[PDB]
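Here the structure is laid out as C-alpha cells; the discussion comes afterwards.
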Amino acid sequence: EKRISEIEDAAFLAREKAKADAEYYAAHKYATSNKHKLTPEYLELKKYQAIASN
Amino acid sequence: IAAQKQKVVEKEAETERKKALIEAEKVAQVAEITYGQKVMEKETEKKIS
Numbered sequence: 241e242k243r244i245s246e247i248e249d250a251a252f253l254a255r256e257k258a259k260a261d262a263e264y265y266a267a268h269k270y271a272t273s274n275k276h277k278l279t280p281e282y283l284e285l286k287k288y289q290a291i292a293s294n
Numbered sequence: 195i196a197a198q199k200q201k202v203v204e205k206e207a208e209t210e211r212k213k214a215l216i217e218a219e220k221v222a223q224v225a226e227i228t229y230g231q232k233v234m235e236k237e238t239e240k241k242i243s
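Line order of the protein sequences matches chains A and a.
Heads up, the first sequence is in the authors' numbering, so the first residue is 241 and it goes up one at a time.
Heads up, the second sequence is in the authors' numbering, so the first residue is 195 and it goes up one at a time.
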C-alpha cells in the first residue's frame, strides 16, 4: 500500500500541474480580453445592473 | 480409558492446528498475488491519468 501511495503521489502531482497550466492559460486570455471589453461604458452598465439587481 | 482418550483428543487438536496453519499460508499467498495485481492496476491508472 505504501508503494501504491507513491504511485498515487506521482500521478496526482502531474494532474495538479496540468490544472495549474490550464487555469493560467485561461486567465491570460481573460486578462488580454479585458483590455477591450472593460471600457467605461461597459463598467457603467455593470454598475447599474449590480446596484439595482436586488 | 481417559488416559488414552487424552492422547486421541490431543492428536485431533494437533490435526486441526495443522489444517489452520495451512489455510493461513494459503490466504497469505493469495493476498500477495492480489496486491501485486493492485500495484499493476495503479500503475495503469497513472498512465490513464
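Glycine residues also receive a C-beta, built at the ideal position from the N, C-alpha and C atoms.
Endpoints, the alpha helix (DSSP H) within which residue i is located
i                : result
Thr279 (chain A) : Looking at the DSSP string, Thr279 (chain A) is not in any alpha helix (DSSP H), and its letter there is neither H nor E.
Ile242 (chain a) : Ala196 to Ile242
Interface residues of chain a facing residue i [CB-CB closer than 7 Å]
i                : result
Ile244 (chain A) : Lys232, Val233 and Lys236
Rounded separation between residue i and residue j - CA only
i                : j                : result
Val224 (chain a) : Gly230 (chain a) : 10 Å
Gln289 (chain A) : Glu241 (chain A) : 55 Å
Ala254 (chain A) : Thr238 (chain a) : 15 Å
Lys236 (chain a) : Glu226 (chain a) : 16 Å
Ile242 (chain a) : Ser245 (chain A) : 16 Å
Amino acids of chain a, ordered along the chain, whose beta-carbon sits closer than 9 Å to that of residue i
i                : result
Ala260 (chain A) : Those within 9 Å of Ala260 (chain A) in chain a number zero; the least Cβ separation is about 15 Å.
Check: residue i C-beta below 6 Å from any heavy atom of the ligand PLP
i                : result
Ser273 (chain A) : Summarising the ligand content, the structure contains no ligands, and the ligand PLP is consequently not present.
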